[PDB]
file data-v2.cif (mmCIF, N, CA, C and O atoms)
data_final
loop_
_atom_site.group_PDB
_atom_site.id
_atom_site.type_symbol
_atom_site.label_atom_id
_atom_site.label_comp_id
_atom_site.auth_asym_id
_atom_site.auth_seq_id
_atom_site.Cartn_x
_atom_site.Cartn_y
_atom_site.Cartn_z
ATOM 1 N N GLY A 1 14.776 -7.103 -9.132
ATOM 2 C CA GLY A 1 14.314 -8.280 -9.843
ATOM 3 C C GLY A 1 14.559 -9.559 -9.070
ATOM 4 O O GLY A 1 15.590 -10.210 -9.241
ATOM 5 N N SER A 2 13.610 -9.921 -8.212
ATOM 6 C CA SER A 2 13.730 -11.130 -7.403
ATOM 7 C C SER A 2 13.761 -12.373 -8.285
ATOM 8 O O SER A 2 13.631 -12.284 -9.507
ATOM 9 N N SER A 3 13.932 -13.532 -7.658
ATOM 10 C CA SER A 3 13.983 -14.795 -8.386
ATOM 11 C C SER A 3 12.764 -15.655 -8.066
ATOM 12 O O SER A 3 12.582 -16.098 -6.933
ATOM 13 N N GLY A 4 11.931 -15.890 -9.076
ATOM 14 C CA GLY A 4 10.740 -16.696 -8.883
ATOM 15 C C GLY A 4 9.633 -16.334 -9.854
ATOM 16 O O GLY A 4 9.879 -16.145 -11.046
ATOM 17 N N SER A 5 8.409 -16.241 -9.346
ATOM 18 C CA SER A 5 7.259 -15.905 -10.177
ATOM 19 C C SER A 5 7.115 -14.392 -10.321
ATOM 20 O O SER A 5 7.031 -13.670 -9.328
ATOM 21 N N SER A 6 7.085 -13.923 -11.563
ATOM 22 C CA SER A 6 6.955 -12.497 -11.837
ATOM 23 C C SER A 6 5.590 -12.184 -12.445
ATOM 24 O O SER A 6 5.451 -12.065 -13.660
ATOM 25 N N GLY A 7 4.585 -12.051 -11.584
ATOM 26 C CA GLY A 7 3.244 -11.751 -12.051
ATOM 27 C C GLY A 7 2.691 -10.476 -11.448
ATOM 28 O O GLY A 7 2.082 -10.500 -10.379
ATOM 29 N N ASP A 8 2.902 -9.358 -12.135
ATOM 30 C CA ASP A 8 2.421 -8.067 -11.660
ATOM 31 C C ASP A 8 1.693 -7.316 -12.772
ATOM 32 O O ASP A 8 2.061 -7.387 -13.945
ATOM 33 N N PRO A 9 0.636 -6.580 -12.396
ATOM 34 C CA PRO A 9 -0.166 -5.805 -13.347
ATOM 35 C C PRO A 9 0.595 -4.606 -13.903
ATOM 36 O O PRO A 9 1.625 -4.191 -13.368
ATOM 37 N N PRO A 10 0.079 -4.031 -14.999
ATOM 38 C CA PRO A 10 0.694 -2.870 -15.650
ATOM 39 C C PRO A 10 0.571 -1.604 -14.810
ATOM 40 O O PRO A 10 1.436 -0.728 -14.859
ATOM 41 N N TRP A 11 -0.507 -1.511 -14.040
ATOM 42 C CA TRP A 11 -0.741 -0.349 -13.190
ATOM 43 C C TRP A 11 0.139 -0.399 -11.947
ATOM 44 O O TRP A 11 0.251 0.582 -11.214
ATOM 45 N N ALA A 12 0.764 -1.550 -11.713
ATOM 46 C CA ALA A 12 1.637 -1.725 -10.561
ATOM 47 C C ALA A 12 3.072 -1.323 -10.890
ATOM 48 O O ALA A 12 3.559 -1.529 -12.001
ATOM 49 N N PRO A 13 3.763 -0.735 -9.904
ATOM 50 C CA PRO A 13 5.151 -0.291 -10.068
ATOM 51 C C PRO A 13 6.123 -1.460 -10.184
ATOM 52 O O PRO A 13 6.071 -2.404 -9.396
ATOM 53 N N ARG A 14 7.008 -1.390 -11.174
ATOM 54 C CA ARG A 14 7.991 -2.443 -11.395
ATOM 55 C C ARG A 14 8.841 -2.664 -10.146
ATOM 56 O O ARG A 14 9.159 -3.800 -9.793
ATOM 57 N N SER A 15 9.207 -1.570 -9.486
ATOM 58 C CA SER A 15 10.024 -1.644 -8.281
ATOM 59 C C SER A 15 9.297 -1.022 -7.092
ATOM 60 O O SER A 15 8.508 -0.090 -7.251
ATOM 61 N N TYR A 16 9.567 -1.546 -5.902
ATOM 62 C CA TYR A 16 8.937 -1.045 -4.686
ATOM 63 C C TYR A 16 9.665 -1.554 -3.445
ATOM 64 O O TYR A 16 10.478 -2.477 -3.523
ATOM 65 N N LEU A 17 9.366 -0.948 -2.303
ATOM 66 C CA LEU A 17 9.992 -1.339 -1.043
ATOM 67 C C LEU A 17 9.499 -2.711 -0.594
ATOM 68 O O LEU A 17 10.281 -3.654 -0.476
ATOM 69 N N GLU A 18 8.196 -2.814 -0.346
ATOM 70 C CA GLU A 18 7.600 -4.072 0.088
ATOM 71 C C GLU A 18 6.146 -4.169 -0.365
ATOM 72 O O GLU A 18 5.635 -3.282 -1.048
ATOM 73 N N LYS A 19 5.484 -5.256 0.018
ATOM 74 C CA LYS A 19 4.090 -5.473 -0.347
ATOM 75 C C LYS A 19 3.208 -5.550 0.894
ATOM 76 O O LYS A 19 3.624 -6.064 1.933
ATOM 77 N N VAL A 20 1.987 -5.036 0.780
ATOM 78 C CA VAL A 20 1.044 -5.049 1.893
ATOM 79 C C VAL A 20 -0.377 -5.305 1.407
ATOM 80 O O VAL A 20 -0.720 -4.991 0.267
ATOM 81 N N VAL A 21 -1.201 -5.880 2.279
ATOM 82 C CA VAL A 21 -2.587 -6.178 1.938
ATOM 83 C C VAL A 21 -3.542 -5.607 2.980
ATOM 84 O O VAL A 21 -3.530 -6.017 4.140
ATOM 85 N N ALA A 22 -4.372 -4.658 2.557
ATOM 86 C CA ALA A 22 -5.337 -4.032 3.451
ATOM 87 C C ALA A 22 -6.174 -5.082 4.177
ATOM 88 O O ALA A 22 -6.596 -6.073 3.580
ATOM 89 N N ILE A 23 -6.411 -4.855 5.464
ATOM 90 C CA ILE A 23 -7.198 -5.782 6.270
ATOM 91 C C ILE A 23 -8.510 -5.146 6.715
ATOM 92 O O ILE A 23 -9.490 -5.841 6.983
ATOM 93 N N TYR A 24 -8.523 -3.819 6.787
ATOM 94 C CA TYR A 24 -9.716 -3.089 7.198
ATOM 95 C C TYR A 24 -10.094 -2.034 6.163
ATOM 96 O O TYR A 24 -9.263 -1.616 5.355
ATOM 97 N N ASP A 25 -11.351 -1.607 6.193
ATOM 98 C CA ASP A 25 -11.840 -0.600 5.260
ATOM 99 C C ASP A 25 -11.346 0.789 5.650
ATOM 100 O O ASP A 25 -11.513 1.220 6.792
ATOM 101 N N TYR A 26 -10.737 1.485 4.696
ATOM 102 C CA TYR A 26 -10.215 2.824 4.941
ATOM 103 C C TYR A 26 -10.654 3.790 3.845
ATOM 104 O O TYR A 26 -10.197 3.702 2.705
ATOM 105 N N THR A 27 -11.545 4.711 4.200
ATOM 106 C CA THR A 27 -12.047 5.693 3.247
ATOM 107 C C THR A 27 -11.231 6.980 3.302
ATOM 108 O O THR A 27 -11.293 7.724 4.282
ATOM 109 N N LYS A 28 -10.468 7.238 2.247
ATOM 110 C CA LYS A 28 -9.639 8.436 2.173
ATOM 111 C C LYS A 28 -10.493 9.694 2.297
ATOM 112 O O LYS A 28 -11.695 9.669 2.028
ATOM 113 N N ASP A 29 -9.866 10.791 2.703
ATOM 114 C CA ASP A 29 -10.567 12.062 2.860
ATOM 115 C C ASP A 29 -10.292 12.983 1.678
ATOM 116 O O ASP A 29 -11.208 13.598 1.130
ATOM 117 N N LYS A 30 -9.025 13.079 1.290
ATOM 118 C CA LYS A 30 -8.628 13.926 0.172
ATOM 119 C C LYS A 30 -7.784 13.143 -0.832
ATOM 120 O O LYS A 30 -7.155 12.146 -0.482
ATOM 121 N N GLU A 31 -7.776 13.607 -2.077
ATOM 122 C CA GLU A 31 -7.008 12.949 -3.129
ATOM 123 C C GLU A 31 -5.617 12.572 -2.633
ATOM 124 O O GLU A 31 -5.046 11.567 -3.057
ATOM 125 N N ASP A 32 -5.076 13.385 -1.731
ATOM 126 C CA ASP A 32 -3.749 13.138 -1.176
ATOM 127 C C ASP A 32 -3.662 11.734 -0.585
ATOM 128 O O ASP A 32 -2.666 11.034 -0.770
ATOM 129 N N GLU A 33 -4.710 11.330 0.127
ATOM 130 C CA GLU A 33 -4.748 10.011 0.746
ATOM 131 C C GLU A 33 -5.148 8.944 -0.271
ATOM 132 O O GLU A 33 -5.415 9.248 -1.435
ATOM 133 N N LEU A 34 -5.189 7.694 0.177
ATOM 134 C CA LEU A 34 -5.554 6.582 -0.692
ATOM 135 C C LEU A 34 -6.738 5.809 -0.118
ATOM 136 O O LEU A 34 -6.828 5.601 1.092
ATOM 137 N N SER A 35 -7.643 5.384 -0.995
ATOM 138 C CA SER A 35 -8.821 4.636 -0.574
ATOM 139 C C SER A 35 -8.739 3.186 -1.041
ATOM 140 O O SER A 35 -8.510 2.913 -2.220
ATOM 141 N N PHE A 36 -8.926 2.259 -0.108
ATOM 142 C CA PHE A 36 -8.872 0.835 -0.422
ATOM 143 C C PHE A 36 -9.785 0.039 0.505
ATOM 144 O O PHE A 36 -10.275 0.559 1.508
ATOM 145 N N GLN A 37 -10.010 -1.225 0.162
ATOM 146 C CA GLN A 37 -10.865 -2.094 0.962
ATOM 147 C C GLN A 37 -10.098 -3.319 1.445
ATOM 148 O O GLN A 37 -9.081 -3.694 0.862
ATOM 149 N N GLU A 38 -10.592 -3.939 2.512
ATOM 150 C CA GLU A 38 -9.950 -5.123 3.072
ATOM 151 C C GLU A 38 -9.705 -6.172 1.991
ATOM 152 O O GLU A 38 -10.596 -6.949 1.652
ATOM 153 N N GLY A 39 -8.489 -6.187 1.454
ATOM 154 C CA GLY A 39 -8.148 -7.144 0.417
ATOM 155 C C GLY A 39 -7.506 -6.487 -0.788
ATOM 156 O O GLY A 39 -7.709 -6.923 -1.921
ATOM 157 N N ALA A 40 -6.731 -5.435 -0.546
ATOM 158 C CA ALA A 40 -6.057 -4.717 -1.621
ATOM 159 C C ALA A 40 -4.544 -4.736 -1.428
ATOM 160 O O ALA A 40 -4.036 -4.323 -0.385
ATOM 161 N N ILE A 41 -3.830 -5.217 -2.440
ATOM 162 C CA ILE A 41 -2.375 -5.288 -2.380
ATOM 163 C C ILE A 41 -1.744 -3.945 -2.739
ATOM 164 O O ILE A 41 -1.643 -3.591 -3.913
ATOM 165 N N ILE A 42 -1.319 -3.208 -1.719
ATOM 166 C CA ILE A 42 -0.697 -1.907 -1.925
ATOM 167 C C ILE A 42 0.824 -2.023 -1.946
ATOM 168 O O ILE A 42 1.434 -2.497 -0.989
ATOM 169 N N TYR A 43 1.430 -1.586 -3.045
ATOM 170 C CA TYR A 43 2.880 -1.642 -3.191
ATOM 171 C C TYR A 43 3.541 -0.432 -2.537
ATOM 172 O O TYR A 43 3.623 0.642 -3.130
ATOM 173 N N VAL A 44 4.010 -0.617 -1.307
ATOM 174 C CA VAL A 44 4.666 0.456 -0.569
ATOM 175 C C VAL A 44 5.958 0.886 -1.255
ATOM 176 O O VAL A 44 6.773 0.049 -1.644
ATOM 177 N N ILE A 45 6.139 2.193 -1.401
ATOM 178 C CA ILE A 45 7.333 2.733 -2.039
ATOM 179 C C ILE A 45 8.005 3.776 -1.153
ATOM 180 O O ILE A 45 9.222 3.962 -1.208
ATOM 181 N N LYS A 46 7.207 4.454 -0.335
ATOM 182 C CA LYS A 46 7.725 5.476 0.567
ATOM 183 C C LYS A 46 7.118 5.331 1.960
ATOM 184 O O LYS A 46 5.978 4.892 2.108
ATOM 185 N N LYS A 47 7.889 5.703 2.975
ATOM 186 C CA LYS A 47 7.429 5.615 4.357
ATOM 187 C C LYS A 47 7.788 6.880 5.130
ATOM 188 O O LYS A 47 8.945 7.091 5.490
ATOM 189 N N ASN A 48 6.786 7.718 5.383
ATOM 190 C CA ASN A 48 6.996 8.962 6.115
ATOM 191 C C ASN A 48 7.385 8.681 7.563
ATOM 192 O O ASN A 48 7.319 7.543 8.025
ATOM 193 N N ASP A 49 7.791 9.727 8.274
ATOM 194 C CA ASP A 49 8.189 9.595 9.671
ATOM 195 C C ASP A 49 7.126 8.847 10.468
ATOM 196 O O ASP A 49 7.419 7.847 11.124
ATOM 197 N N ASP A 50 5.893 9.338 10.411
ATOM 198 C CA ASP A 50 4.789 8.717 11.130
ATOM 199 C C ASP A 50 4.191 7.569 10.319
ATOM 200 O O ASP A 50 4.579 7.337 9.175
ATOM 201 N N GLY A 51 3.245 6.856 10.921
ATOM 202 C CA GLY A 51 2.610 5.742 10.242
ATOM 203 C C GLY A 51 1.899 6.165 8.972
ATOM 204 O O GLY A 51 0.673 6.265 8.944
ATOM 205 N N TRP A 52 2.670 6.416 7.921
ATOM 206 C CA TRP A 52 2.105 6.834 6.643
ATOM 207 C C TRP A 52 3.051 6.499 5.495
ATOM 208 O O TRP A 52 4.103 7.122 5.342
ATOM 209 N N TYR A 53 2.671 5.513 4.689
ATOM 210 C CA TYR A 53 3.489 5.094 3.556
ATOM 211 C C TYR A 53 2.788 5.404 2.236
ATOM 212 O O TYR A 53 1.561 5.397 2.156
ATOM 213 N N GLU A 54 3.580 5.675 1.204
ATOM 214 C CA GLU A 54 3.037 5.987 -0.113
ATOM 215 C C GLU A 54 3.096 4.768 -1.030
ATOM 216 O O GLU A 54 4.144 4.141 -1.179
ATOM 217 N N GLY A 55 1.963 4.439 -1.642
ATOM 218 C CA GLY A 55 1.907 3.296 -2.535
ATOM 219 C C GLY A 55 0.908 3.487 -3.658
ATOM 220 O O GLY A 55 0.093 4.410 -3.625
ATOM 221 N N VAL A 56 0.968 2.613 -4.658
ATOM 222 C CA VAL A 56 0.063 2.690 -5.797
ATOM 223 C C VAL A 56 -1.015 1.616 -5.717
ATOM 224 O O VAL A 56 -0.726 0.450 -5.449
ATOM 225 N N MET A 57 -2.261 2.018 -5.948
ATOM 226 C CA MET A 57 -3.385 1.089 -5.902
ATOM 227 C C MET A 57 -4.344 1.339 -7.061
ATOM 228 O O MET A 57 -4.830 2.454 -7.246
ATOM 229 N N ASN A 58 -4.613 0.294 -7.836
ATOM 230 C CA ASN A 58 -5.515 0.401 -8.979
ATOM 231 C C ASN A 58 -5.131 1.581 -9.865
ATOM 232 O O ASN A 58 -5.984 2.194 -10.505
ATOM 233 N N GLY A 59 -3.839 1.894 -9.898
ATOM 234 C CA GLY A 59 -3.364 3.000 -10.710
ATOM 235 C C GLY A 59 -3.356 4.314 -9.954
ATOM 236 O O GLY A 59 -2.570 5.211 -10.261
ATOM 237 N N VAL A 60 -4.234 4.429 -8.963
ATOM 238 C CA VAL A 60 -4.326 5.643 -8.160
ATOM 239 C C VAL A 60 -3.375 5.588 -6.969
ATOM 240 O O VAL A 60 -3.368 4.620 -6.209
ATOM 241 N N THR A 61 -2.571 6.636 -6.813
ATOM 242 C CA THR A 61 -1.614 6.707 -5.715
ATOM 243 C C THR A 61 -2.126 7.610 -4.598
ATOM 244 O O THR A 61 -2.888 8.544 -4.842
ATOM 245 N N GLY A 62 -1.701 7.325 -3.372
ATOM 246 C CA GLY A 62 -2.126 8.122 -2.235
ATOM 247 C C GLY A 62 -1.528 7.634 -0.930
ATOM 248 O O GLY A 62 -1.204 6.454 -0.789
ATOM 249 N N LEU A 63 -1.382 8.544 0.028
ATOM 250 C CA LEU A 63 -0.818 8.202 1.329
ATOM 251 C C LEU A 63 -1.866 7.541 2.218
ATOM 252 O O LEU A 63 -2.995 8.019 2.324
ATOM 253 N N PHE A 64 -1.481 6.442 2.860
ATOM 254 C CA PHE A 64 -2.388 5.717 3.743
ATOM 255 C C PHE A 64 -1.707 5.385 5.066
ATOM 256 O O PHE A 64 -0.491 5.206 5.140
ATOM 257 N N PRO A 65 -2.507 5.298 6.140
ATOM 258 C CA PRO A 65 -2.005 4.987 7.479
ATOM 259 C C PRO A 65 -1.528 3.543 7.601
ATOM 260 O O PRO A 65 -2.226 2.614 7.197
ATOM 261 N N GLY A 66 -0.333 3.364 8.155
ATOM 262 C CA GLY A 66 0.216 2.030 8.318
ATOM 263 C C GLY A 66 -0.388 1.293 9.496
ATOM 264 O O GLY A 66 0.331 0.767 10.342
ATOM 265 N N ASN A 67 -1.716 1.258 9.552
ATOM 266 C CA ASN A 67 -2.418 0.582 10.636
ATOM 267 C C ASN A 67 -3.489 -0.357 10.090
ATOM 268 O O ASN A 67 -3.702 -1.446 10.621
ATOM 269 N N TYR A 68 -4.158 0.074 9.026
ATOM 270 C CA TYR A 68 -5.208 -0.727 8.409
ATOM 271 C C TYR A 68 -4.619 -1.734 7.427
ATOM 272 O O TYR A 68 -5.343 -2.372 6.662
ATOM 273 N N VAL A 69 -3.297 -1.872 7.453
ATOM 274 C CA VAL A 69 -2.608 -2.803 6.568
ATOM 275 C C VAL A 69 -1.774 -3.803 7.360
ATOM 276 O O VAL A 69 -1.462 -3.576 8.530
ATOM 277 N N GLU A 70 -1.415 -4.909 6.718
ATOM 278 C CA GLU A 70 -0.618 -5.944 7.364
ATOM 279 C C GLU A 70 0.477 -6.452 6.429
ATOM 280 O O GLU A 70 0.205 -6.853 5.298
ATOM 281 N N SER A 71 1.716 -6.429 6.910
ATOM 282 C CA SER A 71 2.852 -6.881 6.118
ATOM 283 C C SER A 71 2.809 -8.393 5.921
ATOM 284 O O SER A 71 2.694 -9.153 6.884
ATOM 285 N N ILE A 72 2.900 -8.823 4.668
ATOM 286 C CA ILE A 72 2.873 -10.244 4.343
ATOM 287 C C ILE A 72 4.189 -10.691 3.713
ATOM 288 O O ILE A 72 4.437 -11.885 3.550
ATOM 289 N N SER A 73 5.030 -9.723 3.364
ATOM 290 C CA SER A 73 6.319 -10.015 2.751
ATOM 291 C C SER A 73 7.427 -9.184 3.392
ATOM 292 O O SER A 73 7.427 -7.957 3.306
ATOM 293 N N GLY A 74 8.371 -9.863 4.035
ATOM 294 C CA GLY A 74 9.472 -9.173 4.681
ATOM 295 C C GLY A 74 10.203 -10.054 5.675
ATOM 296 O O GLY A 74 10.012 -11.269 5.720
ATOM 297 N N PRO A 75 11.068 -9.435 6.495
ATOM 298 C CA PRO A 75 11.849 -10.151 7.507
ATOM 299 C C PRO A 75 10.982 -10.668 8.651
ATOM 300 O O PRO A 75 11.448 -11.427 9.500
ATOM 301 N N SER A 76 9.720 -10.252 8.666
ATOM 302 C CA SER A 76 8.791 -10.672 9.706
ATOM 303 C C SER A 76 8.090 -11.970 9.318
ATOM 304 O O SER A 76 7.431 -12.048 8.281
ATOM 305 N N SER A 77 8.236 -12.989 10.160
ATOM 306 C CA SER A 77 7.624 -14.287 9.904
ATOM 307 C C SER A 77 6.120 -14.237 10.164
ATOM 308 O O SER A 77 5.678 -14.199 11.312
ATOM 309 N N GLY A 78 5.339 -14.236 9.087
ATOM 310 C CA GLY A 78 3.895 -14.190 9.220
ATOM 311 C C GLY A 78 3.184 -14.506 7.918
ATOM 312 O O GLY A 78 2.686 -13.607 7.241
#
call {"tool": "encode", "arguments": {"input": "data-v2.cif", "output": "structure tokens"}}
result
Amino acid sequence: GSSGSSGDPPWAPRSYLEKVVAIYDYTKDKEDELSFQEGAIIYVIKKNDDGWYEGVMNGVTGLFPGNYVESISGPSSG
């Protein structure tokens, strides 16, 4: 529970690791993966060994490659 503005949707997880916003179009192949478009806030919750983190999007969860996304919240100044 951070300190500030608390505006999150019901389909979004109350708790998560960090926040990310898709920058490129990524069409999932199987339900296992996640499909999103350039401009989707994916709440990262898990991060596999390789570039693959698990997050919830529009209620639908799925694994996506940590390449078509860009970190906007974290220790990285950007």
call {"tool": "closest_residue", "arguments": {"input": "data-v2.cif", "among": "A:1, A:10, A:78, A:55", "to": "residue 41 in chain A", "atoms": "only N, CA, C and O atoms"}}
result
A:55
call {"tool": "resolve_selection", "arguments": {"input": "data-v2.cif", "expression": "the PyMOL selection byres (((chain A and resi 19 and name CA) around 6) and name CA)", "output": "JSON, numbers by chain"}}
result
{"A": [18, 20, 43, 44, 73]}
call {"tool": "resolve_selection", "arguments": {"input": "data-v2.cif", "expression": "the PyMOL selection byres (((chain A and resi 60 and name CA) around 12) and name CA)", "output": "MDAnalysis selection string"}}
result
chainID A and resid 11:13 28 31:36 42:43 54:59 61:63
call {"tool": "closest_residue", "arguments": {"input": "data-v2.cif", "among": "A:66, A:3, A:77, A:71", "to": "residue 53 in chain A", "atoms": "only N, CA, C and O atoms"}}
result
A:66
call {"tool": "axis_aligned_box", "arguments": {"input": "data-v2.cif", "around": "range 22-40 of chain A", "padding_each_side": "8 Å", "output": "JSON"}}
result
{"center_x": -7.4, "center_y": 3.4, "center_z": 2.0, "size_x": 25.4, "size_y": 37.1, "size_z": 26.3}
call {"tool": "resolve_selection", "arguments": {"input": "data-v2.cif", "expression": "the PyMOL selection byres (((chain A and resi 52 and name CA) around 6) and name CA)", "output": "list in words"}}
result
residues 47, 48, 50, 51, 53, 64, 65 and 66 of chain A
call {"tool": "atom_distance", "arguments": {"input": "data-v2.cif", "atom1": "atom N of residue 74 in chain A", "atom2": "atom N of residue 45 in chain A"}}
result
13.4 Å
call {"tool": "atom_distance", "arguments": {"input": "data-v2.cif", "atom1": "atom N of residue 24 in chain A", "atom2": "atom N of residue 70 in chain A"}}
result
7.2 Å
call {"tool": "select_by_dssp", "arguments": {"input": "data-v2.cif", "residues": "range 1-75 of chain A", "states": "strand (DSSP E or B)", "output": "number ranges by chain"}}
result
A: 18-22, 26, 33, 36, 41-47, 52-57, 60-65, 69-71
call {"tool": "closest_residue", "arguments": {"input": "data-v2.cif", "among": "A:15, A:40, A:2, A:8", "to": "residue 68 in chain A", "atoms": "all atoms listed in the file"}}
result
A:40
